[PDB]
Amino acid sequence: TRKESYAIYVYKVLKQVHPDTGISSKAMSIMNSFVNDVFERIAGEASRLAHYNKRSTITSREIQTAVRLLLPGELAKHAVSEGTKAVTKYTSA
Amino acid sequence: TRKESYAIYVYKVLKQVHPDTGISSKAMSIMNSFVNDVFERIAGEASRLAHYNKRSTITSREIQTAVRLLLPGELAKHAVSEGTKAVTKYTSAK
Amino acid sequence: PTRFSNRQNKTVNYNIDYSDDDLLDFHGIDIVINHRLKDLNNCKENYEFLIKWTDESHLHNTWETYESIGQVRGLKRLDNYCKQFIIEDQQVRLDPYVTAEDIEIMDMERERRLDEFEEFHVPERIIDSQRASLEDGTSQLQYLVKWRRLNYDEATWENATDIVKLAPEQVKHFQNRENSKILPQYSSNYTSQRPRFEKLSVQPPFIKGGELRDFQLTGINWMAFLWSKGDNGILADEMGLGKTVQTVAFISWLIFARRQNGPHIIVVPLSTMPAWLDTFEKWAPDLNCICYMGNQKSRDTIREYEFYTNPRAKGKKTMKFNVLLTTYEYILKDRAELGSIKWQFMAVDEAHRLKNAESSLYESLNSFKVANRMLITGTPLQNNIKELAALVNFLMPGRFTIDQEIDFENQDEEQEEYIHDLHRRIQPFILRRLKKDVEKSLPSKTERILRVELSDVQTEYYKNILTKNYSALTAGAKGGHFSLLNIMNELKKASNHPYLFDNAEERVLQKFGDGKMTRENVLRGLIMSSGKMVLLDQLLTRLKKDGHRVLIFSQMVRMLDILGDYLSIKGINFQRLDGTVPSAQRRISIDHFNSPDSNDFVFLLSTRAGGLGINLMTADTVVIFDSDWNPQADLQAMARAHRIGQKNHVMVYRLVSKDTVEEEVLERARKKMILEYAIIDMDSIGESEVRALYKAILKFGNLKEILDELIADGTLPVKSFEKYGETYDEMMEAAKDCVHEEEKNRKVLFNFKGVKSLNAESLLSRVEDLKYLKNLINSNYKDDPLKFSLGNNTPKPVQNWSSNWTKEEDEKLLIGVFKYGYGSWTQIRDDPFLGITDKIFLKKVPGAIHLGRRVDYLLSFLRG
Amino acid sequence: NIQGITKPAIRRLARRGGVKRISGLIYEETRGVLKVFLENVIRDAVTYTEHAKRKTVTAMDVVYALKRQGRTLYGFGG
Amino acid sequence: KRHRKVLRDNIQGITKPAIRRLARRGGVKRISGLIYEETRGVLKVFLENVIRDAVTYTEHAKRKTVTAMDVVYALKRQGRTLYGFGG
Amino acid sequence: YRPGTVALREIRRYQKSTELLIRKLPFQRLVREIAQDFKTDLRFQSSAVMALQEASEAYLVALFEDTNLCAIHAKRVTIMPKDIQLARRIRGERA
Amino acid sequence: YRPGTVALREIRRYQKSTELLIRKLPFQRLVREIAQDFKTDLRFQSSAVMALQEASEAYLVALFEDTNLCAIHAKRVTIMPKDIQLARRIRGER
Amino acid sequence: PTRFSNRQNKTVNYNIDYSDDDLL
Amino acid sequence: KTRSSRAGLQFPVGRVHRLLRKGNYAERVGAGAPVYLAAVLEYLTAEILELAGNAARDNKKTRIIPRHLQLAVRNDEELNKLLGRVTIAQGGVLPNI
Amino acid sequence: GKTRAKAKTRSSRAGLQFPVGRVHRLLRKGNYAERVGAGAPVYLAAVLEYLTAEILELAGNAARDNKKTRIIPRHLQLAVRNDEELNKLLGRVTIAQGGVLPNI
DNA sequence: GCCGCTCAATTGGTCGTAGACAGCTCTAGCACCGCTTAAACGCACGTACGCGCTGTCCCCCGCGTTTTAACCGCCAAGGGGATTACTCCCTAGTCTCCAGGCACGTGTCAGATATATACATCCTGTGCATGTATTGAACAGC
DNA sequence: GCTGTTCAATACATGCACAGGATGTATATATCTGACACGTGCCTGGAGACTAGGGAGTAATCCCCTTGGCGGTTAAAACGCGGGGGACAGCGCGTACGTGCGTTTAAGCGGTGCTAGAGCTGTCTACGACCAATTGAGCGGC
Ligand SMILES: Nc1ncnc2c1ncn2[C@@H]1O[C@H](COP(=O)(O)OP(=O)(O)O)[C@@H](O)[C@H]1O
Ligand code: BEF
Ligand SMILES: [Mg+2]
């Protein structure tokens, strides 16, 4: 069989935060599960926000509010800052 | 907003079990919430059942297993019997 | 770093390490061996017990009793022994159901237990020697002894003056091992090219134990030929043709003839470790052969004492031993310890275990830095071609790579081409001979396969299994939930015997007229509940009347439980060997069954643990109670009877349940069988050499006869014997001339080859004295030097020496000089046959120079 | 303010819970626990209200905030 | 012997010292001798009501092998999300 | 009436009825204040405040049940703050 | 070490470590016994059994932590069955 | 009584009415 | 003539099918799915109203009210397990009796 | 704050390491809604990258101070459970081969 | 409660894709044996912890009075939410082409470990010096 | 004249110093091992471009609901006191748990061997969507 994973992007971010350290395959599968879980949480809540407003589309506003619902405290406002920055770069680029 | 409700059907079901009794509007709204909640929970489980199997369609098979996951004990056994009976009588009609 | 968090977390310490320092060799009873006359209070009053102490060997066993013991650690072990004794005595004396033969068995058990402990006080080898300083300020020579049938844990320091009286030969062997002429550091180094080989016409004289057969000489010749070319190969001789003897003889030849002494490893199946080691002890007794086995402490002790010369040295440590025998388990457990050694030769017995190239054994052994490899197996079993390819790849890494993995079909033109090419291409490296060709003195084997009808209990079980009748099967388990995840296994179980199922015996004893105590009817059920048991009893009764003795193999240990119970209820004497039986007990069981007075009629054997390498030629009949999916395992079992040591016709019976899965297993085995058939400077002398030769001459006198030994043992560097003869004669002549010049100037220090300060008079006097000593000892007592005596000749007394010294001490000291030469005071004091060992010291009066001058005085007096 | 949740109201709530006796310190505990609960629900309710661009918090987005807490409430719609 | 073996019971395979170790990791200083059979009951109830859901997922897929994914899904239904087995 | 019975009498009275037990206007003021800290000038649909009161009181009643079990476990009858802190910690609300 | 410390030594050791504390084979046999009530002759992928062991050990450890808090609330130090029952009831695990 | 459920329920008494004569 | 009456259901199979589409629970919804789901909803509604009707009779009331729904749900072990995380507005508690 | 966006890959245009193409495919294939705006997968990939960087930073700190060069599940558990907000996010998650926090 | 109107459901036909069915192949799952070692179990004994009992003091509950706030009714005004309509922009769908990621092999670079060589120190042996004992010769006495 | 004792000369025995040889230690050099980089090939998914339709965004209007104020009445809440009950602390005793020790059992890892089930591929047929038109039921007001 074949399967596909965030592992290479986890390695990239790791080398951005700790360039000398490695990560075990088990820990990498933990990180892959964590990314999949958080993705499904944010997407499922954005889906509920869309349905509650009779909207047909998921936009940045849905993702932003789902992030403000799902993430606690400072982790939310920092994630929202990273998202709005990335969307600004993507739009102006 | 022509809000959808189950009230007239809850009444029709009520009159099959206790035709002498009535039902308060508040208790009717609680029954309406109950029906919506159970519908959404079964449909959600059938959805992720379909996704787990990489199927695109929700069938009676998915609803049946979503009921067996969601409902406890004998309440499941009787709900599954009622569902398969209704699907059989439907399939043997026009 | 490039990303940084901007969350205002406080710092955290994640270190999980901690210490618990905030929370901060005795004379116990080890074992109770036996008891004799002087409830538990009757035990205290009546009885006296033979105690084995902790930290002491079985030589120090003492009779004791409770008041003599007092309070000490291990007393609970004496309580438990008394309790067991009480239960034994109640069954023997009281129990009115005890039978006469049960009384005989309970008396025999006393012999069976005591016959073990009677070995443990006999030395098996001396490991090492020390001098222990006493509180008396004197010191005692001690020997670290390993006892017979004991590991290297519970090896114990013992008084050398006692051990020499107890076990002289083992001390002589230890002294020989210390004086070894064949120590791995003196190994020859044919690194470029090995010397050519001429066929041996007769076995070399160093092969001690007996006579090799002509086919065994041929095998050794083939092994030596391949080694000379540098080629690895397989000993594939049919099972029981002396592949062990051929391997020991080849390693012996390699050491003595080539002088490739060096660490050789032999990795062996556990059940055969004794037979390998007993072969070395017979056929090559001069080899320092070590067996590496036992618990962590035992083999750690082996590594510490046995492995190294100077174990405390800290660089390029070198090895004391010629051969290491090891079980496959320890090549995995001690992979790092053994893999660090520069092994010169590796032999693998029952090599076919390597057939899975992915196995951890294969990876481990293949990582060892061995210079040459050798496989031994009577069944290079081509159960598939990839499994043979794994063996060949193990012999030939990166050479003769079998990458044509395709399995042979029954018929193709490409199949016949590839099989024929493979056959001729492998043939250079596999040597195989067969008993009927080799040794017509073998009596024939023959095999009969017996079809057997299922019993009705079996028939209903087999039906319920096929129909997956879970309810009826659960009733057959009395509510134990049956399962059929491996239907094949359950069908084979039902085909052998229903008592393999949880309550099939209960379901027949529920015919309660058969039930409970009913000796006759419990056996009646146990036999009649399966066809194989009925036929087996008919066979076993015939064989018992004829007087045959039978090995019974099974692929199920619970079937051996059923057979063992059946035989015990019939009162038949039998032995049992399966992989749960520990090494010592299986060693005893094999020795006993092969004992010529042995009463045992049956040997119950597991086909895996008991099918490999055991010697059971004193049986003549084999029953394969169920057949394996691999035919070669059954042939290996049949070979366990059909040894070269056989002396009667061997009869093999297979029992096949007819109309069952067993015959499908037979047909798949036969198809694999037919597939396997289808595949089947020297003159240059430096200053150091002159100085060493001079010291050797002053030690040994005339070296020119011993010189081979002095070169072999590292006394002298490797150089031509003629050049040492020349330089010896030149040095003696120069000494004579310099003494003559000294005499002419008087009417002796000289230089030789640029060596300074050589004394001529010391050479001539020491040569004269040792020549006289050698001729005197050889002339009086060539055969038995310890009987030598000086007669009436009495020299001047010792000059106030602090030790009793007499004509006896002079005699023994001269024997020491005869054995070890002058100046060897360490060996002379250490050799316990001389008795001096206490007398001689390093401020003490009998110093090295004092004893040397005493020896020179004695030799002058006896010359005078 | 929180002090409007009176001592006897907390008594009545404890009585429905079957409390036979109640220490005088329980009132400020109960007020704290209530304030924390209301804060957690109103945060999510107001988040739904503000995402909808409304200025009125509605029974439906309170019901959604409770469904987020795993405390689904029947009888207010939904 | 053939017949002397005692099967114990499979729930008794969760030994007293295993429960002791679990309680130690939970920081328990001292432990009453009745806790073992209570702990075995609690474990059996948990493991039953997880395995029932896992088998329900396996049977809806018409598989015969229970897989680490439908265990992970059965646990996710309980709100006991497990990281490290996929999903 | 027997001495000290009235507490059990109250237990009967309040368990039998379904009334809301907090005064409505004080709870509305509390909700207004807390919302005002999140977002100024919010408005509340009155059914929203009723739903929020019903959920709040059902939560407090169930918490007092768990607290009373913690008090009984201590061989004690008076509920103490540490009983609430235990119930909330076990039920996972120490957040 | 001082008397009575070994309880603390064990706590320190087992809280440091991470291995699974139940023996693997006994647990696998228990899992198969339990499963066979729901469908006979199921096979198990080995990682499924490891996932069940990881989940059940994490559950038992957290339950013992809550039980210990209940025992400390009694002002005992021995945990008692009623502590497990009280923890599970307040959890709503019934 | 047109529709019934086959559930093997136990019997239950739902009457909440109560008295305090045991408190008197 | 309705789809519900061919199944014999009181609940609207057409409504359920429309909701299964509107919610985008999957790309496709089979023809049997809404009949089965409507039947299960009808069964659970009947069992709830049965027990609430009993509770109303035992309290000598002609209308079923939230108190009776709460009593009916909480006294049944299975409905109480289905609705364990659910709060019923204007429900009381079960009295200790 | 700025990026050259020279590469075609949409992540590089956003300045993200995480795969915006995947996040868009998964949002679209997951039936979360009828329609998926082009900004949604950028915002979501950015949030996923932020959270994974935050965890890996704390796990690397825990590995460093435990003096090991590789992050292992022990360190992921130590990082999550020592951080109040990651612990509140993952308060219902079990990490395989994670331990407990040692009492200290 | 009944009648009228509007909106959603039902009916029919067509088209395309998903699911069902069949076959094939390979991996992983099941059972059992071998071998070793550590863990688990049985048993005894001693001390610490749990539980019962008692006493005392403080806090809570019952009762009465007084005071404050909530609830109910009513009125008024404005804001916000909901609905309707139109228009523009965004996203889905399709097609085509490019790039990235998987995948493996090979070579080179980097880092660590082992081996070789040299120098220093310690141990042992030999030679020389000094002291003491032994041997030989002479002198004295019987 | 012979014998015993004393004196003198020589040889042996011991201690110390020096020389020589071996062992240990440190540094330099080279080899070994592992990982990364680069090249090549293949396959698949993303990116880019174009088109059309629908959804969202914007604007306007209308109506309902929420907010704020006022007034009166009644019940609830708050304050205060006294007495009794319950909580907490201290003490004693007995049992249960825990620690040590010996012995047995079973787990863990490695191997053996087969088979079933999972996964993938290909083809065909039926079912579900989409679109249009018609019919019947549900909501709303009289
Ligand atoms: N040269 C020999 N002389 C006498 N007996 C021999 C000789 N070679 C082998 N044997 C007998 O064969 C037995 C060993 O069997 P062996 O051939 O070593 O098994 P295999 O070679 O199949 O592993 C020994 O007990 C020994 O008596
Ligand atoms: F092959 Be032999 F019998 F060991
Ligand atoms: Mg052999």
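We number chain C the way Swiss-Prot does; in order, the residues shown are 124-147, 175-188, 203-844, 1006-1072, 1118-1212, 1245-1266.
According to its header, the structure was obtained by electron microscopy, 3.0 Å.
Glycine residues also receive a Cβ, built from the backbone N, Cα and C atoms like all the rest.
With helix defined as DSSP H, G or I and strand as E or B, the compositional bias 'Polar residues' (C:126-139) counts 0 helix, 0 strand, 14 coil. Here Swiss-Prot flags C:126-139 as compositional bias 'Polar residues'.
Annotation source Swiss-Prot lists domain 'Chromo 2' at C:285-350, citing sequence analysis.
Swiss-Prot lists C:388-562 with the feature domain 'Helicase ATP-binding', giving sequence analysis as the kind of evidence.
According to DSSP, C:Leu405 (ATP binding site) sits in a coil region rather than a helix or strand. The ATP binding site annotation in Swiss-Prot covers C:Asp401, C:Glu402, C:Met403, C:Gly404, C:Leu405, C:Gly406, C:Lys407, C:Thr408.
Remark: secondary structure over the motif 'DEAH box' (C:513-516) totals 2 helix, 0 strand, 2 coil, with classes taken from DSSP. Swiss-Prot lists C:513-516 with the feature motif 'DEAH box'.
The ubiquitin cross-link annotation in Swiss-Prot covers C:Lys1144 and rests on experimental evidence. Taking the Cβ of C:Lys1144 (ubiquitin cross-link) as centre and 10 Å as the limit, one finds 15 other Cβ atoms among all the protein chains shown. When secondary structure is read from DSSP and collapsed to three states, C:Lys1144 (ubiquitin cross-link) falls in the helix class.
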The domain 'Chromo 2' (C:285-350) - residue tally per DSSP class, helix then strand then coil: 21 helix, 24 strand, 21 coil
Entries of C:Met403, C:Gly404, C:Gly406, C:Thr408 (binding-site residues) sitting next to ligand 2, with Cβ under 6 Å as the cut-off: C:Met403, C:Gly404
Contacting binding-site residues, sequence order - C:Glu402, C:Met403, C:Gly406, C:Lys407, C:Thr408 vs ligand 1, Cβ under 6 Å: C:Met403, C:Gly406, C:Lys407, C:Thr408
C:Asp401, C:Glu402, C:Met403, C:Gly404, C:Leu405, C:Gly406, C:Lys407, C:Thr408 excluded, remaining Cβ within 8 Å of their centroid (ATP): C:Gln410, C:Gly542, C:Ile808
Residue pair C:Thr408 (ATP binding site), C:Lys1144 (ubiquitin cross-link) - Cα distance, angstrom, rounded: 42
Separation of alpha carbons, C:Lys1144 (ubiquitin cross-link) and C:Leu405 (ATP binding site) (Å): 47
Endpoint distance, Cα to Cα in Å, for the 45-residue gap that opens after C:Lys1072 and closes at C:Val1118: 15
The one of C:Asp401, C:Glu402 whose CB sees the fewest other CB atoms within 10 Å, among these binding-site residues: C:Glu402
Between C:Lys1144 (ubiquitin cross-link) and C:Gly406 (ATP binding site): CA-CA distance (Å): 44
C-alpha spacing of C:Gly404 (ATP binding site) relative to C:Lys1144 (ubiquitin cross-link), in angstrom: 49
Nonlocal residues around C:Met403 (ATP binding site), in sequence order (Cβ under 8 Å, 6 or more apart): C:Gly542, C:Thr543, C:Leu799, C:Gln800, C:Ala803, C:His806
Interval of 27 unresolved-in-model residues, reported as the Cα distance (Å) from C:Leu147 through to C:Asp175: 22
